[PDB]
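Working notes, structure below.
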Amino acid sequence: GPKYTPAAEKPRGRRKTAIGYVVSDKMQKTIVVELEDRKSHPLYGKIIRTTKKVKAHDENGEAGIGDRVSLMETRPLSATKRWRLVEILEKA
Amino acid sequence: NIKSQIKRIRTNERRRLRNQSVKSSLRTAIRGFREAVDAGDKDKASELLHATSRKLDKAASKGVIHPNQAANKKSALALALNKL
Amino acid sequence: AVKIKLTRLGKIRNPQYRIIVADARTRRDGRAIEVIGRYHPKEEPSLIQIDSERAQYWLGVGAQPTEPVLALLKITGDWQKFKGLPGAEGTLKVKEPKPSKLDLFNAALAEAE
Amino acid sequence: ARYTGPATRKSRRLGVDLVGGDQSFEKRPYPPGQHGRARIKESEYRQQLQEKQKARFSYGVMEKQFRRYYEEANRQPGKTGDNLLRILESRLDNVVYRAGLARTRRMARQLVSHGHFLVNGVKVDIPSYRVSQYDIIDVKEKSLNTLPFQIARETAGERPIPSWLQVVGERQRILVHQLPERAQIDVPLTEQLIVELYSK
Amino acid sequence: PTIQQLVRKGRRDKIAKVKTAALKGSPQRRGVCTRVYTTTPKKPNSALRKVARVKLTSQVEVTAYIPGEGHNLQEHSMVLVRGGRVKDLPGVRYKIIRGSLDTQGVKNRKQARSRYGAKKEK
RNA sequence: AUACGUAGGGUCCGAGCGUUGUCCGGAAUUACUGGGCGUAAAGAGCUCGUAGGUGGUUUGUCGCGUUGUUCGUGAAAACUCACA
RNA sequence: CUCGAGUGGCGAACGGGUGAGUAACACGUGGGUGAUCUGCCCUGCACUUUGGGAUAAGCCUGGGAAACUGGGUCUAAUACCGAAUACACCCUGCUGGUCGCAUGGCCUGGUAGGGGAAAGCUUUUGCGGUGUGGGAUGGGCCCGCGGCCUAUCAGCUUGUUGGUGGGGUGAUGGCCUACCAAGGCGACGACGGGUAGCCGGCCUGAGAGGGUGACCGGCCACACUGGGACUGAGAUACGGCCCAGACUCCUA
């Protein structure tokens, strides 16, 4: 038979992507983004709404304070920075 | 505790003792290539990169270093030559 | 590597077996990747019921049945399909026909009257 | 396992026929003892306890085997009162007794003790054996030729065989047909009290 | 009551109200008894009840009752203390099993015949 | 003294039968289901307000919350139904 | 024939134990690793060429109380070391096409330069070797979410955060390291104190709820204690090793 036998494409993607607001675009190639949750309480039923301060990598510095942006998770790119700013749709 | 495998003790001592000299020689060659590249001489760097791409590839074919560490070092020295 | 194994089940005096596919480094009763058959020496015909085509796949990828597991394979004729040397045929025997639940009382009533 | 005492004293205490034809119980209907005459502090507790004790002592069944009867009856889809009476009317010794082949509950108890019966071809020395519908029943010859068992089989003028049991020949073949139905059992005092008490 | 305030905090039970304190909730302990002096029960229940103070193996010093009529235990005895509840006596919530490690069963006990360490009559 | 102790005599259970230890419910005795706070437990001595919760009438958008649906999915035993 | 001792493979890290520790991606439930490894089984193709050095054993001599230990000579190989063909493969330089998740991914892309192997035994059911392409299964990393208590625990934080370039690693990544910058974490409870392996489950409860992780199963941690290292595809290496103590035993 052929010397070379081929491989597969392992359908890949769907890295977690969500809409956040840039809030601490302060450090070089670095932004901090926040998210919203709306979850029914396990016991009572009072839907609580909380947040989360993810750290994202901006190689370009496009974002800024209070911008409605989107983020996809990457490979771990540093100690607490695991997000890629893509599909920006609001500033300020 | 001693149980029917001191032969493994001697085998492992030998196996980890040969690699000591092998790794010392390879690291000395790599450091020599480092002085070649930092000195700004490109012919010596090219020849040392050639020789080390031979040597570390041999060592990876042998049982001293994993295949990919050798490729990493080969690429690093190759770029060090390519830019000097 | 990979081996097709017989794993033990049932109470003490009567043994039963599930034909599983698993790593060697496991134990006799680890997490079965897939149950591909079942067999019981205790029952009369040593009756075996095996998922066939999955065993075909696993033999294709390189599953290596245990010695009595391989024996069971031949007892099925499954080893005559993946290897296919004579072709696959029904090799295992079966439990005897035996009457049904209803015909027993039908015959009892016929005898009575 | 098995109880020891006779049925006359329990009949008198519970105040009901447990032998069925107990001459001495109707001789002394009051409970045994110096104070069977003495009035009892009446309680529905006593009513339910008397009911369950009559049920236990009538059939030769015994308490721990009786509790699981209620539990499995409650597990059944039907109402627990119905299921308990059905299953208590579904015992091997009960099946052979209602055919009129045993003069006493203890008759069948000691018969299954000895191994004088056969269900579907398998000998079960276990009175706790369950006899399903359409089971083939037979009696061994060693007991068949025994004199008191000859009397029991040949003078079987005892209680009539219910519609769910059928002795269909000289072989004492009780070709059971269906389950003991509530409309067919003709049971002694009911068991709703037992269900209500145990459920709490 | 302010569902949100429940989310903030709340919904804990009141108090355990512990009963046994020998140790480990032990079905029984064993130890050395002392101070077997008899004290007084409540005034309406005029009598005198024989008790003792036992240092159990649990390294706690508790008060045990001596049930029955007769007693076998004395000072420096390997008495087996079980939990009890004697409302007739103040601060007495233990007993010592008869027919056991140290204390011989109560002599000629026949109404109980299992308690009080009264073995089977031959 | 039918309460003690003793005898019968009775109740029940049975190779068991009672005692101790622990957990759940009964307890609504944490009251989400399913509690209250004048006199029984419980409105701080009184203000404002950060956090928080929290929302008037009405137009269009989004469908996050929320619901509808397809599928992957949740080892075996679990536990149950049904059969042997 | 047979087989001790010996060389050399391989197995031994699995299979069994404990729940001390751990409040942690530890576990479970769903996904990514475009940031990855795999001896063993299955399956393509290609190769296996050739030279040389050494030793256990074996034997002689020597020191040490023992523990043990040295010198001299010899030993073969699927043992090791020289070297050769590999282009199936890897590294670099350029470059065409193509899919994109941005790093990038795919055409064993191409190109050109450079480099990388092997084995014998045995007649005997024959077993065996090298390299690569693929399966298979085993994995390694990251993340969504779930599940102790306690401010009579409210500040914590400098390799901490981000970037850069490197060292290192199987691959990412302050993982480490030189510089730069000052961030980052919390009342939606940090940081602390105490506490605890965890789940399928089990039991109670009508239900909710509550309590447990017996046994049977699923993983993890741990194997006088504490530090360190090894090898192999793979090591907290329980019946592997060294070092610092403890304890015990023997002691020239």
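Labeling convention for the structure tokens: chains A, B, ... as they appear, residues from 1 per chain, ligands from 1 in order of appearance.
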
Would you kindly report the residues of chain G within 9 Å of chain A, using only C-alpha atoms (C1' of nucleotides), as a PDB file with N, CA, C and O atoms (P, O5', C5', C4', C3', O3' and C1' of nucleotides), in the first residue's frame?
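What landed in part-v2.pdb:
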ATOM      1  P     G G  31     -20.499  17.193  26.027  1.00  0.00           P
ATOM      2  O5'   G G  31     -19.741  18.542  25.651  1.00  0.00           O
ATOM      3  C5'   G G  31     -18.344  18.543  25.406  1.00  0.00           C
ATOM      4  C4'   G G  31     -17.762  19.931  25.491  1.00  0.00           C
ATOM      5  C3'   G G  31     -16.379  20.106  24.891  1.00  0.00           C
ATOM      6  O3'   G G  31     -16.408  20.264  23.484  1.00  0.00           O
ATOM      7  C1'   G G  31     -16.439  21.118  27.018  1.00  0.00           C
ATOM      8  P     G G  32     -15.072  20.047  22.622  1.00  0.00           P
ATOM      9  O5'   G G  32     -14.416  21.495  22.547  1.00  0.00           O
ATOM     10  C5'   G G  32     -13.148  21.686  21.936  1.00  0.00           C
ATOM     11  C4'   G G  32     -12.343  22.728  22.669  1.00  0.00           C
ATOM     12  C3'   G G  32     -10.831  22.543  22.644  1.00  0.00           C
ATOM     13  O3'   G G  32     -10.224  23.052  21.468  1.00  0.00           O
ATOM     14  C1'   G G  32     -11.537  22.919  24.862  1.00  0.00           C
ATOM     15  P     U G  33      -8.874  22.391  20.891  1.00  0.00           P
ATOM     16  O5'   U G  33      -7.871  22.391  22.125  1.00  0.00           O
ATOM     17  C5'   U G  33      -6.988  23.482  22.334  1.00  0.00           C
ATOM     18  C4'   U G  33      -5.795  23.066  23.150  1.00  0.00           C
ATOM     19  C3'   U G  33      -5.004  21.893  22.600  1.00  0.00           C
ATOM     20  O3'   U G  33      -4.088  22.269  21.590  1.00  0.00           O
ATOM     21  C1'   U G  33      -5.440  21.534  24.885  1.00  0.00           C
ATOM     22  P     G G  34      -4.154  21.556  20.154  1.00  0.00           P
ATOM     23  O5'   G G  34      -3.884  22.738  19.130  1.00  0.00           O
ATOM     24  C5'   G G  34      -2.712  23.532  19.233  1.00  0.00           C
ATOM     25  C4'   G G  34      -2.977  24.967  18.861  1.00  0.00           C
ATOM     26  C3'   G G  34      -4.078  25.656  19.659  1.00  0.00           C
ATOM     27  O3'   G G  34      -3.740  27.030  19.826  1.00  0.00           O
ATOM     28  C1'   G G  34      -4.645  25.655  17.365  1.00  0.00           C
ATOM     29  P     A G  35      -3.222  27.552  21.250  1.00  0.00           P
ATOM     30  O5'   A G  35      -2.127  26.478  21.686  1.00  0.00           O
ATOM     31  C5'   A G  35      -0.772  26.604  21.263  1.00  0.00           C
ATOM     32  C4'   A G  35       0.126  25.573  21.906  1.00  0.00           C
ATOM     33  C3'   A G  35      -0.108  24.132  21.456  1.00  0.00           C
ATOM     34  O3'   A G  35       1.125  23.418  21.507  1.00  0.00           O
ATOM     35  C1'   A G  35      -0.439  24.277  23.770  1.00  0.00           C
ATOM     36  P     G G  44      -1.890  -4.170   6.248  1.00  0.00           P
ATOM     37  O5'   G G  44      -1.352  -2.761   5.738  1.00  0.00           O
ATOM     38  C5'   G G  44      -0.159  -2.693   4.979  1.00  0.00           C
ATOM     39  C4'   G G  44       0.103  -1.313   4.440  1.00  0.00           C
ATOM     40  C3'   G G  44       1.505  -1.103   3.899  1.00  0.00           C
ATOM     41  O3'   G G  44       1.662  -1.587   2.582  1.00  0.00           O
ATOM     42  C1'   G G  44       0.994   0.644   5.370  1.00  0.00           C
ATOM     43  P     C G  45       2.689  -2.785   2.303  1.00  0.00           P
ATOM     44  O5'   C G  45       4.008  -2.035   1.843  1.00  0.00           O
ATOM     45  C5'   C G  45       3.929  -0.998   0.884  1.00  0.00           C
ATOM     46  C4'   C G  45       4.802   0.168   1.256  1.00  0.00           C
ATOM     47  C3'   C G  45       6.265  -0.151   1.466  1.00  0.00           C
ATOM     48  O3'   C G  45       6.974  -0.324   0.257  1.00  0.00           O
ATOM     49  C1'   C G  45       5.522   1.233   3.213  1.00  0.00           C
ATOM     50  P     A G  46       8.003  -1.544   0.123  1.00  0.00           P
ATOM     51  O5'   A G  46       9.376  -0.928   0.638  1.00  0.00           O
ATOM     52  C5'   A G  46       9.867   0.281   0.088  1.00  0.00           C
ATOM     53  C4'   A G  46      10.789   0.991   1.044  1.00  0.00           C
ATOM     54  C3'   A G  46      11.878   0.143   1.673  1.00  0.00           C
ATOM     55  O3'   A G  46      12.979  -0.094   0.818  1.00  0.00           O
ATOM     56  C1'   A G  46      10.833   1.397   3.349  1.00  0.00           C
ATOM     57  P     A G  88      10.107  11.293   0.779  1.00  0.00           P
ATOM     58  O5'   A G  88       8.908  11.340   1.824  1.00  0.00           O
ATOM     59  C5'   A G  88       9.137  11.128   3.209  1.00  0.00           C
ATOM     60  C4'   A G  88       8.528   9.831   3.674  1.00  0.00           C
ATOM     61  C3'   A G  88       8.097   9.764   5.125  1.00  0.00           C
ATOM     62  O3'   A G  88       6.859  10.415   5.351  1.00  0.00           O
ATOM     63  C1'   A G  88       9.165   7.740   4.486  1.00  0.00           C
ATOM     64  P     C G 101     -12.945  31.646  12.231  1.00  0.00           P
ATOM     65  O5'   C G 101     -12.370  30.711  13.383  1.00  0.00           O
ATOM     66  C5'   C G 101     -12.600  31.021  14.751  1.00  0.00           C
ATOM     67  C4'   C G 101     -11.434  31.761  15.355  1.00  0.00           C
ATOM     68  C3'   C G 101     -10.140  31.682  14.554  1.00  0.00           C
ATOM     69  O3'   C G 101      -9.395  32.882  14.748  1.00  0.00           O
ATOM     70  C1'   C G 101      -9.814  30.691  16.672  1.00  0.00           C
ATOM     71  P     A G 102      -9.218  33.922  13.540  1.00  0.00           P
ATOM     72  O5'   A G 102      -7.707  34.396  13.667  1.00  0.00           O
ATOM     73  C5'   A G 102      -7.365  35.764  13.534  1.00  0.00           C
ATOM     74  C4'   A G 102      -6.197  36.114  14.415  1.00  0.00           C
ATOM     75  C3'   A G 102      -5.065  35.103  14.428  1.00  0.00           C
ATOM     76  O3'   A G 102      -4.188  35.234  13.327  1.00  0.00           O
ATOM     77  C1'   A G 102      -5.626  35.659  16.642  1.00  0.00           C
ATOM     78  P     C G 106      -0.983  21.571  10.622  1.00  0.00           P
ATOM     79  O5'   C G 106      -1.874  21.286   9.334  1.00  0.00           O
ATOM     80  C5'   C G 106      -2.970  20.385   9.383  1.00  0.00           C
ATOM     81  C4'   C G 106      -3.689  20.333   8.061  1.00  0.00           C
ATOM     82  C3'   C G 106      -2.816  20.030   6.853  1.00  0.00           C
ATOM     83  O3'   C G 106      -2.570  18.648   6.675  1.00  0.00           O
ATOM     84  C1'   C G 106      -4.151  21.913   6.387  1.00  0.00           C
ATOM     85  P     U G 108       1.144  16.287   0.974  1.00  0.00           P
ATOM     86  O5'   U G 108       1.802  16.357   2.421  1.00  0.00           O
ATOM     87  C5'   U G 108       1.234  15.641   3.505  1.00  0.00           C
ATOM     88  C4'   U G 108       2.290  15.036   4.395  1.00  0.00           C
ATOM     89  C3'   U G 108       3.660  15.694   4.378  1.00  0.00           C
ATOM     90  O3'   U G 108       3.717  16.885   5.143  1.00  0.00           O
ATOM     91  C1'   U G 108       3.874  13.325   4.386  1.00  0.00           C
ATOM     92  P     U G 132      10.729   7.349  13.794  1.00  0.00           P
ATOM     93  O5'   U G 132       9.619   7.551  12.675  1.00  0.00           O
ATOM     94  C5'   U G 132       9.805   8.515  11.656  1.00  0.00           C
ATOM     95  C4'   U G 132       8.869   8.290  10.502  1.00  0.00           C
ATOM     96  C3'   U G 132       7.389   8.263  10.831  1.00  0.00           C
ATOM     97  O3'   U G 132       6.843   9.554  11.013  1.00  0.00           O
ATOM     98  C1'   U G 132       7.913   6.510   9.332  1.00  0.00           C
ATOM     99  P     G G 133       5.470   9.736  11.824  1.00  0.00           P
ATOM    100  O5'   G G 133       4.354   9.264  10.794  1.00  0.00           O
ATOM    101  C5'   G G 133       4.213   9.911   9.541  1.00  0.00           C
ATOM    102  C4'   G G 133       3.268   9.165   8.639  1.00  0.00           C
ATOM    103  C3'   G G 133       1.940   8.777   9.251  1.00  0.00           C
ATOM    104  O3'   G G 133       1.034   9.856   9.346  1.00  0.00           O
ATOM    105  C1'   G G 133       2.805   6.947   8.057  1.00  0.00           C
ATOM    106  P     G G 134       0.548  10.342  10.795  1.00  0.00           P
ATOM    107  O5'   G G 134      -0.497   9.225  11.230  1.00  0.00           O
ATOM    108  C5'   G G 134      -1.815   9.238  10.708  1.00  0.00           C
ATOM    109  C4'   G G 134      -2.265   7.870  10.265  1.00  0.00           C
ATOM    110  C3'   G G 134      -3.329   7.209  11.121  1.00  0.00           C
ATOM    111  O3'   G G 134      -4.628   7.718  10.876  1.00  0.00           O
ATOM    112  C1'   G G 134      -1.658   5.630  10.564  1.00  0.00           C
ATOM    113  P     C G 142      -3.443  22.964  34.565  1.00  0.00           P
ATOM    114  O5'   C G 142      -4.454  23.648  33.547  1.00  0.00           O
ATOM    115  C5'   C G 142      -4.115  24.860  32.898  1.00  0.00           C
ATOM    116  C4'   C G 142      -5.275  25.386  32.098  1.00  0.00           C
ATOM    117  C3'   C G 142      -6.584  25.527  32.849  1.00  0.00           C
ATOM    118  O3'   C G 142      -6.642  26.702  33.632  1.00  0.00           O
ATOM    119  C1'   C G 142      -6.976  24.509  30.753  1.00  0.00           C
ATOM    120  P     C G 143      -7.657  26.792  34.870  1.00  0.00           P
ATOM    121  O5'   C G 143      -9.091  26.883  34.184  1.00  0.00           O
ATOM    122  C5'   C G 143      -9.449  28.027  33.430  1.00  0.00           C
ATOM    123  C4'   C G 143     -10.674  27.794  32.585  1.00  0.00           C
ATOM    124  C3'   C G 143     -11.966  27.506  33.322  1.00  0.00           C
ATOM    125  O3'   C G 143     -12.553  28.657  33.902  1.00  0.00           O
ATOM    126  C1'   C G 143     -11.766  26.044  31.482  1.00  0.00           C
ATOM    127  P     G G 144     -13.535  28.506  35.164  1.00  0.00           P
ATOM    128  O5'   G G 144     -14.928  28.090  34.516  1.00  0.00           O
ATOM    129  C5'   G G 144     -15.487  28.855  33.460  1.00  0.00           C
ATOM    130  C4'   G G 144     -16.888  28.415  33.136  1.00  0.00           C
ATOM    131  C3'   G G 144     -17.749  28.028  34.320  1.00  0.00           C
ATOM    132  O3'   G G 144     -18.280  29.151  34.997  1.00  0.00           O
ATOM    133  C1'   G G 144     -18.001  26.429  32.598  1.00  0.00           C
ATOM    134  P     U G 161       0.913  35.952  39.267  1.00  0.00           P
ATOM    135  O5'   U G 161       0.469  37.311  38.575  1.00  0.00           O
ATOM    136  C5'   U G 161      -0.854  37.798  38.719  1.00  0.00           C
ATOM    137  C4'   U G 161      -1.036  39.088  37.969  1.00  0.00           C
ATOM    138  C3'   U G 161      -0.462  39.108  36.566  1.00  0.00           C
ATOM    139  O3'   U G 161      -1.285  38.457  35.618  1.00  0.00           O
ATOM    140  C1'   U G 161       0.174  41.075  37.692  1.00  0.00           C
ATOM    141  P     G G 162      -0.612  37.739  34.351  1.00  0.00           P
ATOM    142  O5'   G G 162      -0.203  38.947  33.416  1.00  0.00           O
ATOM    143  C5'   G G 162      -1.200  39.796  32.884  1.00  0.00           C
ATOM    144  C4'   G G 162      -0.574  40.915  32.113  1.00  0.00           C
ATOM    145  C3'   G G 162       0.555  40.516  31.188  1.00  0.00           C
ATOM    146  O3'   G G 162       0.098  39.970  29.970  1.00  0.00           O
ATOM    147  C1'   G G 162       1.200  42.396  32.435  1.00  0.00           C
ATOM    148  P     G G 163       1.013  38.914  29.186  1.00  0.00           P
ATOM    149  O5'   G G 163       2.103  39.828  28.479  1.00  0.00           O
ATOM    150  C5'   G G 163       1.693  40.925  27.689  1.00  0.00           C
ATOM    151  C4'   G G 163       2.842  41.825  27.342  1.00  0.00           C
ATOM    152  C3'   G G 163       4.100  41.135  26.863  1.00  0.00           C
ATOM    153  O3'   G G 163       4.013  40.734  25.509  1.00  0.00           O
ATOM    154  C1'   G G 163       4.662  42.801  28.431  1.00  0.00           C
ATOM    155  P     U G 172       5.800  25.510  24.729  1.00  0.00           P
ATOM    156  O5'   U G 172       4.481  26.228  25.251  1.00  0.00           O
ATOM    157  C5'   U G 172       3.439  26.569  24.350  1.00  0.00           C
ATOM    158  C4'   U G 172       2.278  27.203  25.070  1.00  0.00           C
ATOM    159  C3'   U G 172       2.645  28.251  26.109  1.00  0.00           C
ATOM    160  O3'   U G 172       2.876  29.532  25.552  1.00  0.00           O
ATOM    161  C1'   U G 172       1.089  26.736  27.034  1.00  0.00           C
ATOM    162  P     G G 173       3.964  30.516  26.208  1.00  0.00           P
ATOM    163  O5'   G G 173       3.460  30.724  27.703  1.00  0.00           O
ATOM    164  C5'   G G 173       2.254  31.417  27.985  1.00  0.00           C
ATOM    165  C4'   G G 173       1.814  31.165  29.402  1.00  0.00           C
ATOM    166  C3'   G G 173       2.852  31.473  30.464  1.00  0.00           C
ATOM    167  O3'   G G 173       2.874  32.840  30.817  1.00  0.00           O
ATOM    168  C1'   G G 173       2.008  29.313  30.827  1.00  0.00           C
ATOM    169  P     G G 174       4.260  33.544  31.198  1.00  0.00           P
ATOM    170  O5'   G G 174       4.472  33.155  32.722  1.00  0.00           O
ATOM    171  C5'   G G 174       5.583  33.663  33.439  1.00  0.00           C
ATOM    172  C4'   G G 174       5.604  33.161  34.856  1.00  0.00           C
ATOM    173  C3'   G G 174       4.506  33.714  35.754  1.00  0.00           C
ATOM    174  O3'   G G 174       4.174  32.739  36.740  1.00  0.00           O
ATOM    175  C1'   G G 174       6.626  34.415  36.554  1.00  0.00           C
ATOM    176  P     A G 181      10.081  51.263  34.498  1.00  0.00           P
ATOM    177  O5'   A G 181       8.500  51.310  34.656  1.00  0.00           O
ATOM    178  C5'   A G 181       7.679  51.738  33.582  1.00  0.00           C
ATOM    179  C4'   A G 181       6.376  50.985  33.566  1.00  0.00           C
ATOM    180  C3'   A G 181       5.641  50.920  34.893  1.00  0.00           C
ATOM    181  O3'   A G 181       4.879  52.088  35.136  1.00  0.00           O
ATOM    182  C1'   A G 181       5.667  48.781  33.863  1.00  0.00           C
ATOM    183  P     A G 182       4.689  52.638  36.632  1.00  0.00           P
ATOM    184  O5'   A G 182       3.572  51.685  37.247  1.00  0.00           O
ATOM    185  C5'   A G 182       2.336  51.484  36.572  1.00  0.00           C
ATOM    186  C4'   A G 182       1.482  50.455  37.267  1.00  0.00           C
ATOM    187  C3'   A G 182       1.178  50.753  38.736  1.00  0.00           C
ATOM    188  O3'   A G 182      -0.140  50.309  39.045  1.00  0.00           O
ATOM    189  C1'   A G 182       2.260  48.663  38.561  1.00  0.00           C
ATOM    190  P     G G 183      -1.411  51.198  38.629  1.00  0.00           P
ATOM    191  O5'   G G 183      -2.243  50.246  37.664  1.00  0.00           O
ATOM    192  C5'   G G 183      -2.882  49.080  38.158  1.00  0.00           C
ATOM    193  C4'   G G 183      -2.164  47.828  37.726  1.00  0.00           C
ATOM    194  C3'   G G 183      -2.875  46.523  38.052  1.00  0.00           C
ATOM    195  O3'   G G 183      -3.794  46.161  37.039  1.00  0.00           O
ATOM    196  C1'   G G 183      -0.611  46.404  38.752  1.00  0.00           C
ATOM    197  P     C G 188     -21.642  41.063  50.558  1.00  0.00           P
ATOM    198  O5'   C G 188     -21.099  40.043  49.466  1.00  0.00           O
ATOM    199  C5'   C G 188     -21.671  39.999  48.165  1.00  0.00           C
ATOM    200  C4'   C G 188     -21.292  38.730  47.446  1.00  0.00           C
ATOM    201  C3'   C G 188     -19.797  38.548  47.215  1.00  0.00           C
ATOM    202  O3'   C G 188     -19.496  37.152  47.216  1.00  0.00           O
ATOM    203  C1'   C G 188     -20.898  38.652  45.136  1.00  0.00           C
TER     204        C G 188
END

Using only C-alpha atoms (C1' of nucleotides), determine which residues of chain G fall within 7 Å of chain B; present them as a PDB file with N, CA, C and O atoms (P, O5', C5', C4', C3', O3' and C1' of nucleotides), in the first residue's frame.
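And here's part30.pdb as it stands now:
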ATOM      1  P     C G  90       7.934  15.658   9.932  1.00  0.00           P
ATOM      2  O5'   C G  90       9.194  16.250  10.709  1.00  0.00           O
ATOM      3  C5'   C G  90       9.367  16.010  12.097  1.00  0.00           C
ATOM      4  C4'   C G  90      10.768  16.327  12.556  1.00  0.00           C
ATOM      5  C3'   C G  90      11.241  17.750  12.323  1.00  0.00           C
ATOM      6  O3'   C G  90      10.742  18.665  13.279  1.00  0.00           O
ATOM      7  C1'   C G  90      12.930  16.253  11.650  1.00  0.00           C
ATOM      8  P     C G  91      10.338  20.149  12.820  1.00  0.00           P
ATOM      9  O5'   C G  91      11.732  20.910  12.718  1.00  0.00           O
ATOM     10  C5'   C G  91      12.535  21.109  13.871  1.00  0.00           C
ATOM     11  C4'   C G  91      13.844  21.766  13.524  1.00  0.00           C
ATOM     12  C3'   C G  91      13.758  22.979  12.613  1.00  0.00           C
ATOM     13  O3'   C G  91      13.374  24.168  13.276  1.00  0.00           O
ATOM     14  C1'   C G  91      15.423  21.543  11.802  1.00  0.00           C
ATOM     15  P     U G  92      12.531  25.282  12.485  1.00  0.00           P
ATOM     16  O5'   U G  92      13.596  25.949  11.506  1.00  0.00           O
ATOM     17  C5'   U G  92      14.741  26.605  12.024  1.00  0.00           C
ATOM     18  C4'   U G  92      15.731  26.941  10.937  1.00  0.00           C
ATOM     19  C3'   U G  92      15.236  27.874   9.844  1.00  0.00           C
ATOM     20  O3'   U G  92      15.320  29.239  10.212  1.00  0.00           O
ATOM     21  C1'   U G  92      16.298  26.010   8.865  1.00  0.00           C
ATOM     22  P     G G 114      23.711  20.246   2.192  1.00  0.00           P
ATOM     23  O5'   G G 114      23.394  19.997   3.732  1.00  0.00           O
ATOM     24  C5'   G G 114      24.089  20.731   4.725  1.00  0.00           C
ATOM     25  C4'   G G 114      23.507  20.518   6.096  1.00  0.00           C
ATOM     26  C3'   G G 114      23.289  19.082   6.528  1.00  0.00           C
ATOM     27  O3'   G G 114      24.469  18.390   6.879  1.00  0.00           O
ATOM     28  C1'   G G 114      21.392  20.313   7.069  1.00  0.00           C
ATOM     29  P     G G 115      24.549  16.805   6.632  1.00  0.00           P
ATOM     30  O5'   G G 115      23.748  16.189   7.862  1.00  0.00           O
ATOM     31  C5'   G G 115      24.055  16.574   9.192  1.00  0.00           C
ATOM     32  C4'   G G 115      22.940  16.211  10.136  1.00  0.00           C
ATOM     33  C3'   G G 115      22.559  14.742  10.175  1.00  0.00           C
ATOM     34  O3'   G G 115      23.436  13.946  10.949  1.00  0.00           O
ATOM     35  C1'   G G 115      20.612  16.024   9.980  1.00  0.00           C
ATOM     36  P     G G 116      23.600  12.385  10.610  1.00  0.00           P
ATOM     37  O5'   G G 116      22.371  11.707  11.359  1.00  0.00           O
ATOM     38  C5'   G G 116      22.034  12.081  12.685  1.00  0.00           C
ATOM     39  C4'   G G 116      20.641  11.638  13.038  1.00  0.00           C
ATOM     40  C3'   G G 116      20.366  10.158  12.874  1.00  0.00           C
ATOM     41  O3'   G G 116      20.838   9.405  13.972  1.00  0.00           O
ATOM     42  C1'   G G 116      18.600  11.399  11.920  1.00  0.00           C
ATOM     43  P     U G 231      17.899   9.275  34.585  1.00  0.00           P
ATOM     44  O5'   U G 231      17.430   8.073  33.650  1.00  0.00           O
ATOM     45  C5'   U G 231      18.153   6.851  33.606  1.00  0.00           C
ATOM     46  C4'   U G 231      17.264   5.693  33.972  1.00  0.00           C
ATOM     47  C3'   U G 231      16.010   5.548  33.128  1.00  0.00           C
ATOM     48  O3'   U G 231      16.237   4.800  31.947  1.00  0.00           O
ATOM     49  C1'   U G 231      15.452   5.405  35.430  1.00  0.00           C
ATOM     50  P     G G 239       9.306  -0.042  48.784  1.00  0.00           P
ATOM     51  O5'   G G 239       9.046  -1.603  48.968  1.00  0.00           O
ATOM     52  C5'   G G 239       9.441  -2.277  50.152  1.00  0.00           C
ATOM     53  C4'   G G 239       9.590  -3.752  49.901  1.00  0.00           C
ATOM     54  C3'   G G 239      10.043  -4.128  48.503  1.00  0.00           C
ATOM     55  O3'   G G 239      11.441  -3.991  48.314  1.00  0.00           O
ATOM     56  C1'   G G 239       8.197  -5.458  49.104  1.00  0.00           C
TER      57        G G 239
END

Give the strand (DSSP E or B) residues of stretch 132-174 of chain D, as DSSP finds them on the backbone, and put them as a ChimeraX atom specification. /D:137-139,167,174

Give me a file of those residues, with N, CA and C atoms, as an mmCIF file, in the first residue's frame.
data_model
loop_
_atom_site.group_PDB
_atom_site.id
_atom_site.type_symbol
_atom_site.label_atom_id
_atom_site.label_comp_id
_atom_site.auth_asym_id
_atom_site.auth_seq_id
_atom_site.Cartn_x
_atom_site.Cartn_y
_atom_site.Cartn_z
ATOM 1 N N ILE D 137 -49.144 -29.485 41.245
ATOM 2 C CA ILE D 137 -48.986 -29.913 42.629
ATOM 3 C C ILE D 137 -49.243 -31.410 42.710
ATOM 4 N N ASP D 138 -48.446 -32.100 43.524
ATOM 5 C CA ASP D 138 -48.568 -33.540 43.696
ATOM 6 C C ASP D 138 -48.149 -33.919 45.111
ATOM 7 N N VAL D 139 -48.551 -35.119 45.523
ATOM 8 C CA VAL D 139 -48.268 -35.641 46.856
ATOM 9 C C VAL D 139 -47.503 -36.949 46.715
ATOM 10 N N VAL D 167 -58.440 -29.563 42.875
ATOM 11 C CA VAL D 167 -57.983 -30.944 42.969
ATOM 12 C C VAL D 167 -58.642 -31.724 41.839
ATOM 13 N N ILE D 174 -53.497 -30.384 42.804
ATOM 14 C CA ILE D 174 -54.172 -29.106 42.987
ATOM 15 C C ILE D 174 -53.743 -28.181 41.859
#
